[PDB]
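Structure first, commentary second.
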Amino acid sequence: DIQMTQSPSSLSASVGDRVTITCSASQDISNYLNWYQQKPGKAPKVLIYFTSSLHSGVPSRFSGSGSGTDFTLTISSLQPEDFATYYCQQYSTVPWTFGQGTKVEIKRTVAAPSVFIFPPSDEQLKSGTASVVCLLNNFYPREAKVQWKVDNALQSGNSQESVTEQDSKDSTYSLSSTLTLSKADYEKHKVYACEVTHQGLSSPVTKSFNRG
Amino acid sequence: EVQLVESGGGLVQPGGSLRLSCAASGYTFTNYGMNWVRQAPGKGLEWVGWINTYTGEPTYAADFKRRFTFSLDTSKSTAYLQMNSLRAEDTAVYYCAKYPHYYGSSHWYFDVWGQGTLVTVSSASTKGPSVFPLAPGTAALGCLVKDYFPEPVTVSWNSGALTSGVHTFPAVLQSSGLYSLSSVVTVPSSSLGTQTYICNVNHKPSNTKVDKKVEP
DNA sequence: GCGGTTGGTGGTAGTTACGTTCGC
């Protein structure tokens, strides 16, 4: 079976930049190579087929080239909506096979997160558990550090984070950090704080509340 | 319009069976093969195989023929993927896909795709989520969607009328083996007490529908 | 006019370039 390898596996580039993604086949595939674009929660969409043919409806900034075992997808002027995973696919020999995918992130200017903290609801507490939620809203770049301080003692390792996919319009991210305690454990502490470090912040931002 | 509509996805125990369907419309059904492609959560694309829709002849990749069967009902313009002896590693979104209107002279590519149907193979039991409010010139508010299985969950605000500033986070798998997520939105602090804010949570797998007023 | 987004007959085949179509 033909193994297809893309390079790079992930890249970041600015609006208007030229981006190239390479696809290498484990054997000669006779120009039978297609490119697809896949956005979060959508099926893949064909962009280029048969090496170099642009599909109807696809902007002319997308082009494809290659022969033998080496193929390239070029985006001549990257746009915010091009956030997506791109896949090459051979149809020389069954089974048809895809590359592993290349994730493309869109660079933008640094944007600090807006930080919010949420105490556990009475509804959850009545069931015997307490989730404290820290929200970091609309920031770039993606790297952010969240520390949890409960009466000044660090509990960061007990929390779980989730990050949104990059926004296809404004190229920002949002992040949640959730620290879940038993009702009993929650009630033995007073001050709950999340402290946020990000490139957009000259010093850490802390949001906190006092239990009850 | 050419469309492919899939159905039949759901939660099934290891060793169990599921039949997926791919209903085609808006073209001559027997002029195009039907292809099946799957994608494991957060993973790449894998071609399962295809079937010639006139001859009914299937071609399977790798070892899928042991456990999977492609079939047709041309009177319904529908292709089927029957899956038997399902394993955990079969958890994936399953797509059907067809070649372009003109595919001659090697113009072969997946032109139109179904929307996908998620197959989850797990010994874990279905569980509906608990929905808790995340209480609030910009205020943030939200809903915590806690302790559910399997995927997926959908969240809307005010029955879809509120879209600006909405962020629904990807679920995280907890130690328990249950998923949890939050959905949040930003509003003017002035509107707290003015506008009612309701998050609408749908967890089809457990037939759970919950509307939750998020009050300050 | 001419390349796709289409129509229609035949048919064991990606079947596929054609015409009756569609759209710049």
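Just so we're on the same page: letters track the sequence lines, and every chain starts at 1. Hydrogens, waters and symmetry mates are skipped; everything else that's a heavy atom, side chains included, is used.
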Integer angstrom distance from the [atom1] of [N] to that of [M]:
N      : M      : atom1 : value
C:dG3  : C:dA17 : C1'   : 13 Å
C:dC18 : C:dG8  : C1'   : 10 Å
C:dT15 : C:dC2  : P     : 26 Å
C:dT6  : C:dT16 : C1'   : 13 Å
C:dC24 : C:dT12 : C1'   : 39 Å
C:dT21 : C:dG11 : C1'   : 22 Å
C:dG23 : C:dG10 : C1'   : 28 Å
C:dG1  : C:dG14 : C1'   : 28 Å

Just to be sure I understand the rule, does B:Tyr32 reach a base, reach only the sugar-phosphate, or reach nothing, if contact means heavy atoms closer than 4.0 Å?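 Contact class for B:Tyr32: base.
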Got a second to check how far B:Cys22's SG is from B:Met34's CE, nearest 0.5 Å?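 The CE atom of B:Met34 is 4.0 Å from SG of B:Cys22, to the nearest 0.5 Å.
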Between CD on residue A:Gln6 and NZ on residue A:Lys103, distance to nearest 0.5 Å: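 So the CD of A:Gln6 and the NZ of A:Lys103 are separated by 12.5 Å.
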Over how many whole Å does the gap from [X] atom [atom1] to [N] atom [atom2] extend?
X        : N      : atom1 : atom2 : value
B:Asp111 : C:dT6  : CG    : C1'   : 13 Å
B:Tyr102 : C:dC18 : OH    : P     : 8 Å
B:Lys98  : C:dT6  : NZ    : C1'   : 11 Å
B:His107 : C:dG3  : NE2   : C1'   : 11 Å
A:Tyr49  : C:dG14 : OH    : P     : 21 Å
B:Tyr103 : C:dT6  : OH    : P     : 14 Å
B:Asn31  : C:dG8  : CG    : P     : 12 Å
B:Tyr99  : C:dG4  : OH    : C1'   : 19 Å

For C:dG14, does the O4'-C1'-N9-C4 or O4'-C1'-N1-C2 angle fall within 90° of 0, making it syn, or is it anti? syn
Counting Watson-Crick and G-U wobble pairs only, both distances under 3.5 Å, name the nucleotide matched with C:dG8, or none.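 No nucleotide pairs with C:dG8.
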Should C:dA17 form a Watson-Crick or G-U wobble pair with both distances under 3.5 Å, which nucleotide is its partner?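 Looking at the geometry, C:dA17 pairs with no nucleotide.
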N or O in side chain of [X] less than 4.0 angstrom from [N] OP1/OP2:
X        : N      : value
B:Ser105 : C:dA17 : yes
B:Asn52  : C:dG14 : yes
A:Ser56  : C:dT5  : yes

Nearest-nucleotide check on DNA chain C, B:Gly104 vs A:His55; residue mapping nearer the 5' end is A:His55
Nearest-nucleotide check on DNA chain C, B:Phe29 vs B:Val2; residue mapping nearer the 5' end is B:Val2
Would you check if the distance from the ring center of B:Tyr103 to the ring center of B:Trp108 is below 6.0 Å? no
Review item, side-chain donor-acceptor pairs of residues 43-50 of chain B, under 3.5 Å, at least two apart:
from: B:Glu46; atom 1: OE1; to: B:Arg38; atom 2: NE; distance (Å): 2.8
from: B:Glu46; atom 1: OE1; to: B:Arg38; atom 2: NH2; distance (Å): 3.0
from: B:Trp47; atom 1: NE1; to: B:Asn35; atom 2: OD1; distance (Å): 3.0
from: B:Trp47; atom 1: NE1; to: B:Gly49; atom 2: O; distance (Å): 3.4

Tell me whether the side-chain N or O atoms of B:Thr30 pair up with the base of C:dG11 as donor and acceptor below 3.5 Å, since no angle test is needed here.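 A donor-acceptor contact between them is present.
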Is it the case that C:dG3 (base atoms only) and B:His101 (side chain only) share a donor and an acceptor within less than 3.5 Å, ignoring hydrogens and angles?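 Counting by modelled atom types and ignoring angles, no donor-acceptor contact under 3.5 Å is found here.
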Could you check whether the six-membered base rings of C:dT12 and C:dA13, which sit next to each other in the strand, have centres less than 5.5 Å apart and planes tilted by under 30 degrees? no
For B:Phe149, does the six-membered ring have the charged nitrogen or CZ of B:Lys127 within the cation-pi criterion, i.e. under 6.0 angstrom from the centroid and within 45° of the normal? no
Does the cation-pi check pass for A:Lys45 over A:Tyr36, that is, NZ or CZ under 6.0 Å from the six-membered ring centre and within 45° of its axis? no
Taking only the side-chain heavy atoms of B:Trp108 (C-beta and beyond), determine which of C:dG14, C:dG7, C:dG11 contains the nearest atom.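 In terms of side-chain proximity for B:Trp108, the closest of C:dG14, C:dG7, C:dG11 is C:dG14.
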Could you verify whether a donor N or O on one side chain and an acceptor N or O on the other, from B:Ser122 and B:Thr120, lie under 3.5 Å apart?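 Short answer, no.
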